[PDB]
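Inside the fold
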Amino acid sequence: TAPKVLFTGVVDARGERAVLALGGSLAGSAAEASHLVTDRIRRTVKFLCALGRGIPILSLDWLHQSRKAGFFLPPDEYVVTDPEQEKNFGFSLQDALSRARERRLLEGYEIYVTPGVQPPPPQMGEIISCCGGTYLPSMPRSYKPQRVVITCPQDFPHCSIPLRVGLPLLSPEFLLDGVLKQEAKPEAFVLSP
Amino acid sequence: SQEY
């Protein structure tokens, strides 16, 4: 149906007006969105969620050129193209979207997040779920493969339980880097003493 | 919005 467009990192009244004028609507959440519009690669919660879902991530020019044309244009020419950020992170946004379209990055993972992590637990939970993973709101107390805990040094006192039952402690970068690149490599993010 |  008509696009349900989410925005991140931008203030774009013109863009919103274009969405509206062309028969689309504003998405209330990543879960509800068909498209994400932004100006460059920005690791916001919305961006990571959209990427995890595989929805098109398009520049502001998509809407402006669509309004000029009088109809929503195909997304292809408007994919966000940010070579500086691609170089920095060692990834391709198009290739990561392709991976998200082929499979759910975190299916089969169960992930708990300790309270001091950034982004905070409920925001991590949104990202996790957008990648098809299972967010755990309660502390896990038994071992299962791919059941992991995202934590940080500040939260060491909160890791006694997962440490005992053998659940890996991972830095937030497991998700911040992994979801951006659409790779799940927990080994690389295990926290040392 | 916040970036991370």
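Here the residues of each chain are numbered from 1 in the order the sequence is written, which can differ from the numbering of the entry; residues without coordinates are not included. For this description, chains carry letters from A and ligands carry numbers from 1, given in the order in which they are written. To obtain the side-chain values, all non-hydrogen atoms of the structure were used and water was disregarded.

**Overview of the domain arrangement of chain A**
Residue and element names in this part refer to chain A. Splitting chain A by domain gives domain 1 (1-101) and domain 2 (102-193). Segmentation of the chain into domains, including their bounds, is taken from an automatic or database domain assignment. For domain 1 versus domain 2, the separation of C-alpha centres amounts to 27 Å. The contact criterion used is simple: two residues touch if any of their non-hydrogen atoms lie within 4.5 Å. With 17 residues of domain 1 at the contact, the number on the domain 2 side is 15 residues. Summed over both partners, the interface of domain 1 with domain 2 comes to about 1,500 Å²; 61% of that surface belongs to carbon and sulfur atoms. Any carboxyl oxygen of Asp or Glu within 4 Å of a side-chain nitrogen of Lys or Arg constitutes a salt bridge here. On inspection of domain 1 and its partner domain 2, the count reaches 1 salt bridge. The salt bridge partner of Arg 43 is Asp 177, with a shortest N-O separation of 2.8 Å. Note on terms: buried area is the combined drop in 1.4 Å-probe accessible area of two parts once they are placed together, counting the loss on both.

**Remarks on the environment of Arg 67 of chain A**
Residues and elements named next belong to chain A. Within the element layout of this structure, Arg 67 appears in helix 3 (residues 60-69). Remark: exposure states derive from per-residue accessible area (1.4 Å probe, protein chains only) relative to the maximum for the residue type, with buried under 20%, exposed over 50%, and partly exposed in between. Judged by relative accessible area, which is 45%, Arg 67 ranks as partly exposed. For the pair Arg 67 and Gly 15, spaced 52 residues apart in sequence, the C-alpha separation works out to 8.8 Å. When near neighbours in sequence (up to four residues on either side) are disregarded, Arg 67 contacts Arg 17, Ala 18, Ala 21 and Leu 22. Only DSSP runs of H or I reaching four residues or more are called helices, and only runs of E reaching two or more are called strands; each is numbered from the N terminus.

**Here we look at the packing of aromatic side chains**
All names here are of chain A. Working definition: a ring pair exists when centres of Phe, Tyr or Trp rings (six-membered ring for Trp) sit within 6.5 Å. Plane angles under 30 degrees give stacked, over 60 give edge-to-face, the rest tilted. Under the criterion given, the structure shown has 4 aromatic pairs over all chains. Centre to centre, the rings of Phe 89 and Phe 91 are 6.3 Å apart; their planes meet at 80°, and the pair counts as edge-to-face. Of the residues examined, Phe 89 reaches a relative accessible area of 22% and is grouped as partly exposed. Under the relative-accessibility criterion, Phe 91 is labelled buried at 9%.

**Considering the sheet that holds strand 2 (residues 25-26) of chain A**
All names here are of chain A. In spatial order, the strands read 2-1-3-4; together these 4 strands make up an open sheet with parallel pairing. Lying at the two open borders of the sheet, with one neighbouring strand each, are strand 2 and strand 4 (57-58). Strands qualify as paired when DSSP identifies two bridges or more between them. Sheet analysis places strand 1 (residues 4-7) next to strand 2, joined by 2 bridges and oriented parallel. Across the sheet, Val 5 pairs through a bridge with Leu 26, a residue of strand 2.

**Brief notes about the sheet that holds strand 6 (residues 134-136) of chain A**
All names here are of chain A. The strand order 6-5-7-8 describes an open sheet built from 4 strands, whose pairing is parallel. Both edges of this open sheet fall to strand 6 and strand 8 (169-170), since each of them pairs with a single strand only. Sheet analysis places strand 5 (residues 110-113) next to strand 6, joined by 3 bridges and oriented parallel. Note that in strand 6 the partner of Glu 110 across the bridge is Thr 134. Sheet strands in contact with helix 6 (residues 121-130) are strand 5, strand 6 and strand 7 (147-150), and its direction is about 160° off that of strand 6. For helices, the fitted line uses only the C-alpha atoms of the stretch in contact; every axis is such a line through C-alpha atoms, and the angle between N-to-C directions lies from 0 to 180 degrees.

**Side note on the packing of helix 2 (residues 45-53) of chain A against helix 6 of chain A**
Residue and element names in this part refer to chain A. The contact between helix 2 and helix 6 brings their axes to 8 Å, and the two run at 15°. The orientation of helix 2 relative to helix 6 falls into the category roughly parallel. Seen from above, helix 2 lies across helix 6 with left-handed handedness. Of helix 6, the residues touching helix 2 (which contributes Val 45, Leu 48, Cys 49, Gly 52 and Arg 53) are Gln 123, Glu 126, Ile 127 and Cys 130. Its residues assigned to classes, the contact of helix 2 with helix 6 comprises 5 nonpolar, 2 polar and 2 charged. Note on angle classes: values under 35 degrees are labelled roughly parallel, values over 145 roughly antiparallel, values of 65 to 115 roughly perpendicular, and the remainder oblique. For any helix crossing, the convention is left-handed if the near helix is rotated counterclockwise from the far helix by under a right angle, and right-handed if that rotation is clockwise. Nonpolar residues are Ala, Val, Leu, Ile, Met, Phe, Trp, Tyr, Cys and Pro. Charged residues are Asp, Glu, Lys and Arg, and all others, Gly as well, are polar.

**Things to note about the interface of chain A and chain B**
Tallying the contact residues gives 8 residues for chain A and 4 residues for chain B. Between chain A and chain B lies a buried interface of about 560 Å² when both sides are counted; carbon and sulfur atoms form 54% of it. On the chain A side of the contact with chain B, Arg 42, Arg 43 and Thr 44 of chain A bury the most area, a combined 55% of that side's loss. Where chain A meets chain B, there are 1 salt bridge. A salt bridge links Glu 3 of chain B to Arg 42 of chain A; the shortest N-O distance between them is 2.8 Å. By the criterion applied in these results, polar contacts are pairs of N or O atoms within 3.5 Å in which, for protein atoms, one can donate a hydrogen and the other can accept it, and in which residues neighboring in sequence qualify only through two side-chain atoms. Applying the counting criterion to the chain A and chain B interface returns 2 residue pairs in polar contact. Residue classes in the side of chain A that touches chain B are distributed as 4 nonpolar, 2 polar and 2 charged.

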